[PDB]
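query_19.tsv, holding TSV, C-alpha atoms:
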```tsv
chain	number	residue	atom	x	y	z
A	1	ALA	CA	0.00	0.00	0.00
A	2	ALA	CA	2.82	2.43	0.90
A	3	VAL	CA	4.77	1.66	-2.30
A	4	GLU	CA	1.61	2.25	-4.36
A	5	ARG	CA	0.90	5.59	-2.67
A	6	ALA	CA	4.44	6.78	-3.46
A	7	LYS	CA	3.96	5.63	-7.06
A	8	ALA	CA	0.66	7.58	-7.35
A	9	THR	CA	2.07	10.85	-6.00
A	10	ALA	CA	5.31	10.47	-7.98
A	11	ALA	CA	3.31	10.50	-11.24
A	12	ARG	CA	1.72	13.88	-10.47
A	13	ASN	CA	2.75	17.52	-10.58
A	14	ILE	CA	1.07	20.90	-9.99
A	15	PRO	CA	-0.93	22.62	-12.76
A	16	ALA	CA	1.42	25.18	-14.33
A	17	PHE	CA	1.91	27.20	-17.49
A	18	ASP	CA	4.31	25.39	-19.86
A	19	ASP	CA	4.89	28.32	-22.20
A	20	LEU	CA	7.29	30.74	-20.47
A	21	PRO	CA	11.08	31.10	-21.07
A	22	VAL	CA	11.72	30.45	-17.34
A	23	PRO	CA	11.30	26.92	-15.93
A	24	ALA	CA	7.75	25.83	-14.99
A	25	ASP	CA	7.19	25.59	-11.26
A	26	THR	CA	7.57	21.98	-10.14
A	27	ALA	CA	6.45	20.22	-6.96
A	28	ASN	CA	7.99	16.88	-8.06
A	29	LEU	CA	11.79	16.51	-7.98
A	30	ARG	CA	11.57	13.96	-10.84
A	31	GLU	CA	10.42	16.73	-13.25
A	32	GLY	CA	11.53	20.25	-14.24
A	33	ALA	CA	14.54	22.36	-13.25
A	34	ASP	CA	17.38	20.93	-11.20
A	35	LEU	CA	16.91	21.68	-7.48
A	36	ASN	CA	19.37	24.37	-6.46
A	37	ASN	CA	22.18	22.94	-4.32
A	38	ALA	CA	21.45	25.47	-1.55
A	39	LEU	CA	18.14	23.76	-0.92
A	40	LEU	CA	19.14	20.13	-0.22
A	41	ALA	CA	18.32	20.41	3.52
A	42	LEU	CA	14.74	21.34	2.52
A	43	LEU	CA	14.32	18.72	-0.19
A	44	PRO	CA	11.62	16.58	1.57
A	45	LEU	CA	9.26	19.59	1.68
A	46	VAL	CA	8.84	19.86	-2.07
A	47	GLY	CA	5.40	18.53	-3.06
A	48	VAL	CA	1.70	19.12	-2.50
A	49	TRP	CA	0.39	18.23	0.96
A	50	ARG	CA	-3.27	17.83	1.95
A	51	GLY	CA	-4.91	17.04	5.25
A	52	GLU	CA	-6.60	18.28	8.38
A	53	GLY	CA	-5.47	20.07	11.48
A	54	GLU	CA	-6.61	21.32	14.86
A	55	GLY	CA	-6.56	24.83	16.27
A	56	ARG	CA	-7.12	26.46	19.64
A	57	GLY	CA	-9.61	29.32	19.46
A	58	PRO	CA	-11.53	31.61	21.85
A	59	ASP	CA	-14.35	29.05	21.95
A	60	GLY	CA	-12.21	25.89	22.37
A	61	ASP	CA	-10.59	23.63	19.79
A	62	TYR	CA	-11.65	23.64	16.15
A	63	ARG	CA	-10.92	21.65	12.97
A	64	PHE	CA	-9.58	22.85	9.65
A	65	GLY	CA	-8.50	21.44	6.31
A	66	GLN	CA	-5.38	22.58	4.49
A	67	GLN	CA	-3.33	22.31	1.30
A	68	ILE	CA	0.32	23.36	1.20
A	69	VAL	CA	2.08	23.65	-2.15
A	70	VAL	CA	5.90	23.68	-2.06
A	71	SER	CA	7.49	24.12	-5.49
A	72	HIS	CA	10.63	25.50	-7.15
A	73	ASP	CA	11.72	26.98	-10.47
A	74	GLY	CA	15.47	26.15	-10.21
A	75	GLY	CA	16.28	29.26	-8.17
A	76	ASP	CA	17.74	29.44	-4.69
A	77	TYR	CA	14.38	29.41	-2.92
A	78	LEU	CA	11.23	27.29	-2.58
A	79	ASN	CA	7.83	28.73	-3.48
A	80	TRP	CA	5.37	28.26	-0.60
A	81	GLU	CA	1.57	28.54	-0.53
A	82	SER	CA	-0.77	27.39	2.19
A	83	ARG	CA	-4.56	27.56	1.99
A	84	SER	CA	-6.77	26.48	4.86
A	85	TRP	CA	-10.48	26.22	5.48
A	86	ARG	CA	-12.63	25.87	8.56
A	87	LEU	CA	-14.43	22.62	9.19
A	88	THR	CA	-17.40	22.18	11.49
A	89	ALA	CA	-16.86	20.03	14.60
A	90	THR	CA	-18.33	17.18	12.55
A	91	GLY	CA	-15.86	17.48	9.69
A	92	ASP	CA	-18.00	19.34	7.16
A	93	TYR	CA	-16.72	22.23	5.10
A	94	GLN	CA	-17.67	25.46	6.92
A	95	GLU	CA	-15.98	28.45	5.31
A	96	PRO	CA	-12.58	29.56	3.94
A	97	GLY	CA	-9.73	30.00	6.33
A	98	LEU	CA	-6.36	31.65	6.10
A	99	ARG	CA	-3.99	31.85	3.16
A	100	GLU	CA	-0.26	32.67	3.07
A	101	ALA	CA	2.33	32.82	0.33
A	102	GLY	CA	6.01	33.33	0.15
A	103	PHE	CA	9.46	31.72	-0.01
A	104	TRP	CA	11.86	29.47	1.91
A	105	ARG	CA	15.58	30.16	1.57
A	106	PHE	CA	18.54	28.27	3.12
A	107	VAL	CA	21.73	30.28	3.51
A	108	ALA	CA	20.07	28.89	8.71
A	109	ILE	CA	16.53	28.79	7.23
A	110	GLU	CA	14.42	31.88	6.32
A	111	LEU	CA	10.66	31.81	5.61
A	112	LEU	CA	9.28	35.05	4.11
A	113	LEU	CA	5.47	35.30	4.10
A	114	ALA	CA	2.59	37.51	3.06
A	115	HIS	CA	-0.71	36.68	4.73
A	116	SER	CA	-4.17	37.23	3.14
A	117	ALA	CA	-5.40	38.46	6.57
A	118	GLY	CA	-3.27	41.57	6.06
A	119	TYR	CA	0.26	41.26	7.40
A	120	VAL	CA	3.78	40.20	6.36
A	121	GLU	CA	6.03	38.01	8.52
A	122	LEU	CA	9.68	37.01	8.55
A	123	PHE	CA	10.68	33.67	10.21
A	124	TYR	CA	14.24	32.58	10.89
A	125	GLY	CA	15.39	29.18	12.06
A	126	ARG	CA	17.34	26.02	11.59
A	127	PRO	CA	17.13	22.40	10.52
A	128	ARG	CA	16.72	19.99	13.42
A	129	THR	CA	17.28	16.82	11.29
A	130	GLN	CA	17.44	15.95	7.57
A	131	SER	CA	13.64	16.06	7.52
A	132	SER	CA	12.60	18.48	10.37
A	133	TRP	CA	12.86	22.29	10.71
A	134	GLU	CA	12.19	24.93	13.38
A	135	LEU	CA	11.37	28.60	12.65
A	136	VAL	CA	10.54	31.59	14.87
A	137	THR	CA	9.05	35.00	13.97
A	138	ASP	CA	11.54	37.88	13.76
A	139	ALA	CA	9.31	40.53	12.16
A	140	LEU	CA	5.63	41.34	11.65
A	141	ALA	CA	3.99	44.29	9.93
A	142	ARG	CA	0.37	44.90	9.20
A	143	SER	CA	-1.71	46.91	6.99
A	144	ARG	CA	-4.28	49.21	8.61
A	145	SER	CA	-7.09	46.71	8.18
A	146	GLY	CA	-4.91	43.73	8.98
A	147	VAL	CA	-5.33	41.37	11.94
A	148	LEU	CA	-3.40	41.95	15.21
A	149	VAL	CA	-1.05	39.04	15.92
A	150	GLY	CA	1.92	37.89	17.94
A	151	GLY	CA	5.14	36.02	17.26
A	152	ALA	CA	5.08	32.30	16.58
A	153	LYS	CA	7.29	29.21	16.57
A	154	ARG	CA	6.71	26.70	13.81
A	155	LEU	CA	8.08	23.15	13.85
A	156	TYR	CA	7.71	21.11	10.65
A	157	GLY	CA	8.75	17.51	10.09
A	158	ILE	CA	8.29	14.40	7.99
A	159	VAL	CA	6.79	11.71	10.16
A	160	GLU	CA	6.70	7.93	9.90
A	161	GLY	CA	4.94	7.02	6.63
A	162	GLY	CA	6.05	10.21	4.92
A	163	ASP	CA	3.33	12.69	6.02
A	164	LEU	CA	4.23	16.32	6.76
A	165	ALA	CA	3.36	17.29	10.33
A	166	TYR	CA	3.69	20.62	12.07
A	167	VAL	CA	2.99	22.47	15.26
A	168	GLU	CA	2.61	26.23	15.49
A	169	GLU	CA	2.87	27.88	18.93
A	170	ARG	CA	2.18	31.57	19.63
A	171	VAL	CA	3.42	33.87	22.33
A	172	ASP	CA	0.69	34.67	24.90
A	173	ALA	CA	0.38	38.07	26.61
A	174	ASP	CA	2.37	36.69	29.55
A	175	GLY	CA	5.31	35.86	27.26
A	176	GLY	CA	4.84	32.07	27.27
A	177	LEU	CA	4.67	30.07	24.01
A	178	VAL	CA	1.41	28.11	23.93
A	179	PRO	CA	-0.13	25.60	21.48
A	180	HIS	CA	-2.00	27.21	18.63
A	181	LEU	CA	-2.20	24.98	15.55
A	182	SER	CA	-1.15	21.48	14.63
A	183	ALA	CA	-1.74	19.36	11.51
A	184	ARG	CA	-0.68	16.21	9.74
A	185	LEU	CA	-0.85	16.28	5.96
A	186	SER	CA	-0.56	13.45	3.44
A	187	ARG	CA	1.57	13.84	0.32
A	188	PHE	CA	-0.60	14.34	-2.79
A	189	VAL	CA	2.18	15.29	-5.28
A	190	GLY	CA	5.85	14.47	-5.50
B	1	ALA	CA	-8.32	42.70	-34.03
B	2	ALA	CA	-9.01	44.17	-30.56
B	3	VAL	CA	-12.37	42.37	-30.24
B	4	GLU	CA	-10.68	39.08	-31.21
B	5	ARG	CA	-7.90	39.53	-28.65
B	6	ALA	CA	-10.48	40.09	-25.89
B	7	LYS	CA	-12.34	36.99	-27.07
B	8	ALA	CA	-9.10	34.89	-26.94
B	9	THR	CA	-8.14	35.97	-23.41
B	10	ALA	CA	-11.73	35.70	-22.16
B	11	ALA	CA	-11.76	31.98	-23.04
B	12	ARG	CA	-8.72	31.24	-20.85
B	13	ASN	CA	-8.01	30.79	-17.16
B	14	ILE	CA	-4.99	29.85	-15.01
B	15	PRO	CA	-4.05	26.19	-14.42
B	16	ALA	CA	-5.50	25.27	-11.02
B	17	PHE	CA	-6.54	22.26	-8.96
B	18	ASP	CA	-10.29	21.60	-9.36
B	19	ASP	CA	-10.60	19.16	-6.47
B	20	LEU	CA	-10.57	21.18	-3.22
B	21	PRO	CA	-13.60	22.20	-1.08
B	22	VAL	CA	-12.57	25.88	-1.40
B	23	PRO	CA	-13.09	27.71	-4.73
B	24	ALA	CA	-10.39	27.25	-7.40
B	25	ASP	CA	-8.27	30.34	-7.94
B	26	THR	CA	-9.57	32.27	-10.95
B	27	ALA	CA	-7.94	34.96	-13.08
B	28	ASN	CA	-11.08	35.38	-15.25
B	29	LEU	CA	-14.11	37.16	-13.75
B	30	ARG	CA	-16.40	35.12	-16.05
B	31	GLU	CA	-15.50	31.90	-14.12
B	32	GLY	CA	-15.32	30.74	-10.49
B	33	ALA	CA	-16.24	32.44	-7.22
B	34	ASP	CA	-18.03	35.77	-7.14
B	35	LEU	CA	-15.58	38.67	-6.77
B	36	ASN	CA	-15.81	40.03	-3.24
B	37	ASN	CA	-17.55	43.42	-3.18
B	38	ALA	CA	-14.58	44.99	-1.37
B	39	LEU	CA	-12.47	44.49	-4.47
B	40	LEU	CA	-14.46	46.32	-7.18
B	41	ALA	CA	-11.92	49.19	-7.39
B	42	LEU	CA	-9.25	46.58	-8.28
B	43	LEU	CA	-11.36	44.59	-10.73
B	44	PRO	CA	-9.36	45.45	-13.94
B	45	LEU	CA	-6.21	43.87	-12.43
B	46	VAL	CA	-7.58	40.35	-12.33
B	47	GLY	CA	-5.99	38.30	-15.13
B	48	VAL	CA	-2.63	37.08	-16.40
B	49	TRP	CA	-0.35	39.74	-17.86
B	50	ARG	CA	2.76	39.13	-19.99
B	51	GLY	CA	5.26	41.49	-21.53
B	52	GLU	CA	8.59	43.24	-21.31
B	53	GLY	CA	9.97	46.06	-19.24
B	54	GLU	CA	13.01	48.27	-18.75
B	55	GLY	CA	15.14	48.75	-15.67
B	56	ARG	CA	17.89	51.11	-14.57
B	57	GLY	CA	20.93	49.27	-13.26
B	58	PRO	CA	24.53	50.05	-12.21
B	59	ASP	CA	25.64	49.49	-15.81
B	60	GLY	CA	22.86	51.46	-17.56
B	61	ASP	CA	19.41	50.38	-18.71
B	62	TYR	CA	18.48	46.73	-19.16
B	63	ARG	CA	15.53	44.69	-20.50
B	64	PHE	CA	13.43	42.09	-18.74
B	65	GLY	CA	10.40	39.93	-19.41
B	66	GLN	CA	7.62	39.42	-16.88
B	67	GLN	CA	4.41	37.56	-16.08
B	68	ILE	CA	2.01	38.81	-13.41
B	69	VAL	CA	-0.81	36.56	-12.25
B	70	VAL	CA	-3.69	38.27	-10.39
B	71	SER	CA	-6.36	35.85	-9.19
B	72	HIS	CA	-8.97	35.43	-6.44
B	73	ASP	CA	-10.76	32.66	-4.57
B	74	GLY	CA	-13.87	34.68	-3.49
B	75	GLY	CA	-12.17	36.14	-0.42
B	76	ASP	CA	-11.55	39.78	0.39
B	77	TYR	CA	-8.14	39.90	-1.28
B	78	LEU	CA	-6.47	39.31	-4.66
B	79	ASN	CA	-3.69	36.75	-5.01
B	80	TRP	CA	-0.62	38.33	-6.66
B	81	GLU	CA	2.44	36.70	-8.23
B	82	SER	CA	5.05	38.33	-10.41
B	83	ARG	CA	7.93	36.50	-12.07
B	84	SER	CA	10.54	38.30	-14.13
B	85	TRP	CA	13.56	37.31	-16.16
B	86	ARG	CA	16.53	39.17	-17.54
B	87	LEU	CA	16.82	39.66	-21.27
B	88	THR	CA	20.02	40.50	-23.12
B	89	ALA	CA	20.17	43.93	-24.79
B	90	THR	CA	19.09	42.12	-27.97
B	91	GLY	CA	15.96	40.60	-26.48
B	92	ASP	CA	17.18	37.07	-25.83
B	93	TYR	CA	16.45	35.17	-22.65
B	94	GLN	CA	19.44	35.67	-20.30
B	95	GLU	CA	18.64	34.33	-16.84
B	96	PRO	CA	15.87	34.34	-14.20
B	97	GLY	CA	15.02	37.56	-12.49
B	98	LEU	CA	13.03	38.44	-9.42
B	99	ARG	CA	9.89	36.83	-8.06
B	100	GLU	CA	7.35	38.17	-5.55
B	101	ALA	CA	4.11	36.84	-4.13
B	102	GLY	CA	1.42	38.15	-1.91
B	103	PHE	CA	-1.98	39.84	-1.66
B	104	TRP	CA	-3.86	43.05	-2.52
B	105	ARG	CA	-6.58	44.19	-0.12
B	106	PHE	CA	-8.91	47.23	-0.39
B	107	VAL	CA	-10.30	48.49	2.91
B	108	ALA	CA	-7.13	52.64	0.80
B	109	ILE	CA	-5.18	49.86	-0.96
B	110	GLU	CA	-2.67	47.49	0.75
B	111	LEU	CA	-0.17	45.26	-1.11
B	112	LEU	CA	1.55	42.66	1.10
B	113	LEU	CA	4.58	40.95	-0.51
B	114	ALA	CA	7.23	38.33	0.06
B	115	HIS	CA	10.20	38.56	-2.28
B	116	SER	CA	12.32	35.57	-3.43
B	117	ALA	CA	15.44	37.78	-3.00
B	118	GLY	CA	14.89	37.57	0.76
B	119	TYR	CA	12.70	40.32	2.16
B	120	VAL	CA	9.06	41.15	2.93
B	121	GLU	CA	7.43	44.49	2.07
B	122	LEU	CA	4.22	46.28	2.93
B	123	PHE	CA	2.83	48.90	0.46
B	124	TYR	CA	-0.04	51.26	1.21
B	125	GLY	CA	-1.82	53.52	-1.25
B	126	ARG	CA	-4.89	54.63	-3.08
B	127	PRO	CA	-6.79	54.39	-6.33
B	128	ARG	CA	-6.12	57.28	-8.69
B	129	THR	CA	-8.92	56.35	-11.17
B	130	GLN	CA	-11.21	53.34	-11.79
B	131	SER	CA	-8.27	51.65	-13.52
B	132	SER	CA	-5.07	53.17	-11.94
B	133	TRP	CA	-3.48	52.75	-8.48
B	134	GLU	CA	-0.55	54.23	-6.54
B	135	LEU	CA	1.30	52.44	-3.70
B	136	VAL	CA	4.28	53.39	-1.51
B	137	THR	CA	6.45	51.21	0.78
B	138	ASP	CA	5.67	51.46	4.51
B	139	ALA	CA	7.74	48.53	5.79
B	140	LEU	CA	10.66	46.33	4.74
B	141	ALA	CA	12.36	43.47	6.57
B	142	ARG	CA	15.04	41.16	5.37
B	143	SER	CA	16.43	37.89	6.18
B	144	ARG	CA	20.16	37.70	6.94
B	145	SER	CA	21.03	36.67	3.40
B	146	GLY	CA	18.48	38.95	1.82
B	147	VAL	CA	19.21	41.89	-0.50
B	148	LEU	CA	19.55	45.45	0.88
B	149	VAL	CA	16.84	47.71	-0.56
B	150	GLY	CA	15.05	51.01	-0.17
B	151	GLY	CA	11.45	52.20	-0.26
B	152	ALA	CA	9.58	52.39	-3.53
B	153	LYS	CA	6.56	53.99	-5.18
B	154	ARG	CA	4.61	51.88	-7.62
B	155	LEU	CA	2.06	53.27	-10.08
B	156	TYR	CA	-0.07	50.75	-11.99
B	157	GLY	CA	-2.68	51.49	-14.63
B	158	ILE	CA	-4.66	50.12	-17.55
B	159	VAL	CA	-3.63	51.98	-20.66
B	160	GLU	CA	-5.30	52.53	-24.02
B	161	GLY	CA	-5.91	49.11	-25.61
B	162	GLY	CA	-6.21	47.38	-22.25
B	163	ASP	CA	-2.54	46.65	-21.41
B	164	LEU	CA	-1.33	46.89	-17.79
B	165	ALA	CA	1.47	49.44	-17.43
B	166	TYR	CA	3.48	50.38	-14.37
B	167	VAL	CA	6.34	52.48	-13.14
B	168	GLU	CA	8.35	51.70	-10.03
B	169	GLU	CA	10.51	54.47	-8.51
B	170	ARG	CA	12.95	53.98	-5.62
B	171	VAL	CA	14.29	56.38	-3.06
B	172	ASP	CA	17.95	57.29	-3.70
B	173	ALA	CA	20.47	57.92	-0.90
B	174	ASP	CA	19.77	61.65	-1.20
B	175	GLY	CA	16.06	61.07	-0.48
B	176	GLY	CA	14.80	61.71	-4.03
B	177	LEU	CA	12.51	59.22	-5.81
B	178	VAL	CA	14.13	58.17	-9.09
B	179	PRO	CA	13.05	55.91	-12.00
B	180	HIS	CA	13.81	52.26	-11.43
B	181	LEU	CA	11.53	49.96	-13.43
B	182	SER	CA	8.78	50.37	-15.99
B	183	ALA	CA	6.83	47.84	-18.07
B	184	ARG	CA	3.82	47.43	-20.30
B	185	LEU	CA	2.16	44.02	-20.26
B	186	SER	CA	-0.49	42.55	-22.55
B	187	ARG	CA	-3.44	40.65	-21.15
B	188	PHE	CA	-3.06	36.88	-21.69
B	189	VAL	CA	-5.98	35.68	-19.48
B	190	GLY	CA	-9.24	37.23	-18.44
```

Render the structure in this file as structure tokens.
Amino acid sequence: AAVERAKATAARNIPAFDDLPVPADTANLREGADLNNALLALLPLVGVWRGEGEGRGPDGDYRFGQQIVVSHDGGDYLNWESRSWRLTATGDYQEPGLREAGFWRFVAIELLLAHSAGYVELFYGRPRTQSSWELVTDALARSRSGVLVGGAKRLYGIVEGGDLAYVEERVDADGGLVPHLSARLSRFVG
Amino acid sequence: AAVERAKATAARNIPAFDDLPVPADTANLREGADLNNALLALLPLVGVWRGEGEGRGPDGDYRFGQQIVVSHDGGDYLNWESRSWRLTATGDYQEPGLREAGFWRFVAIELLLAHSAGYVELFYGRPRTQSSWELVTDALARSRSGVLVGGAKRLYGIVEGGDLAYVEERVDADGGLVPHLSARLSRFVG
């Protein structure tokens, strides 16, 4: 079953224009531009990931679904996009959730993000193993209508079976990092 | 000829996954989720734009090609991606150029960006007409390996024939805004 799943995802790639003079974005390291040497520590992230997660809100815990797309065009960065959506307690689609887009660079890890909710964020961090990474917020800036937020720590890692798991903690008013989000996503592409 | 071009681009949309519970990203206001009412001032931007531009560098002026993708998923923001590439003086593909990704919001205009070169940027501004917009940098933050840059002013507008044109100025050391980039892009989608 595990060998077949890998075969299925290895045959896929993201939808992309094939008609530009620059390389098409690829989320499958079997296709497209060579991965830049700077990025080898991040190699397991490349792909499309889909699954569900759990968050801690004002009204208790809640469920969400999510897709993360991690691609590259042969440059010294990874393209990153995450889209989430709220699920009811019973697992039904409720409404759209948060979206973010940006880039990973490795040169120490940097994650540069814009958020649809109306702020930008810079994360800095380090690999913990060949397939796990830790990042912490170093800068935040919002637009006038943007949400008010605090710094975070994100821990990402490939877990047994190949899924991408993560935990995001946020700083509380009292300065302590507390649980905020967690998710485990199955590979869909790559 | 102009009616036929509009017909050609109106029949197209961006490559996108069609299998998620959230709406597929659309760069064609004839297809997909309703455009959020907050975004009507920005409506002419939605689409895929392709063309060439000119920049001012250390060694004189240079040419580049560019694609900008402006889409939405029914939320109160536009998705934005720009990819550029250097051209030789004679118009030949030279090497990849800069990439940025983020979101426009309208609620005053906000443009929130991550840049592949290693920084995040917040722009704030205002519509000048139904089809032109002005934005100025309010925040910049870089990663350790990121490029050193200064604030900019961007002016975007739809010009006669329907092309998207823009000018980007940067602040010089002496505090003056000077020409930096300009481009005129034809609609490819929408």

**OP:** Quick one: everything within 10 Å of residue 131 of chain B, counting all atoms listed in the file, minus sequence neighbours fewer than 5 positions away in the same chain. Send it as a PyMOL selection string.
**Re:** chain B and resi 41-45+156-159+162+164

Subject >> Exercise: segment 16-19 of chain A partners within 12 Å, all atoms listed in the file, chain neighbours under 6 positions left out, as a VMD selection string >> reply: (chain A and resid 25 to 27 32 71 to 73) or (chain B and resid 12 to 17 48 50 67 69 188 to 189)

**OP:** Give as JSON, numbers by chain every residue of chain A that touches chain B within 6 Å, counting all atoms listed in the file.
**Re:** {"A": [15, 16, 101, 102, 103, 112, 113, 114, 116]}

Subject >> Pick from B:87, B:152, B:29, B:185, whichever lies nearest to residue 46 of chain B using only C-alpha atoms >> reply: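 Of B:87, B:152, B:29, B:185, the one nearest residue 46 of chain B, counting only C-alpha atoms, is B:29.
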
**OP:** Mind giving me the straight-line distance from atom CA of residue 91 of chain B to atom CA of residue 37 of chain A in Å, one decimal?
**Re:**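 Interatomic distance, atom CA of residue 91 of chain B to atom CA of residue 37 of chain A: 29.0 Å.
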
Original post:
atom CA of residue 54 of chain B and atom CA of residue 183 of chain B are how many Å apart?
Top reply: 6.2 Å

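You will find atom CA of residue 147 of chain A at 21.8 Å from atom CA of residue 40 of chain B.
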
**OP:** Can you pull out every residue within 7 Å of residue 135 of chain A, counting all atoms listed in the file, but drop anything in the same chain fewer than 6 positions away, and send it as a ChimeraX atom specification?
**Re:** /A:123-126,153-155

Would you save the residues from that selection as a PDB file, in the coordinates of the input, using C-alpha atoms?
```
ATOM      1  CA  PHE A 123      10.680  33.670  10.210  1.00  0.00           C
ATOM      2  CA  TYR A 124      14.240  32.580  10.890  1.00  0.00           C
ATOM      3  CA  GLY A 125      15.390  29.180  12.060  1.00  0.00           C
ATOM      4  CA  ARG A 126      17.340  26.020  11.590  1.00  0.00           C
ATOM      5  CA  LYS A 153       7.290  29.210  16.570  1.00  0.00           C
ATOM      6  CA  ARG A 154       6.710  26.700  13.810  1.00  0.00           C
ATOM      7  CA  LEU A 155       8.080  23.150  13.850  1.00  0.00           C
TER       8      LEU A 155
END
```
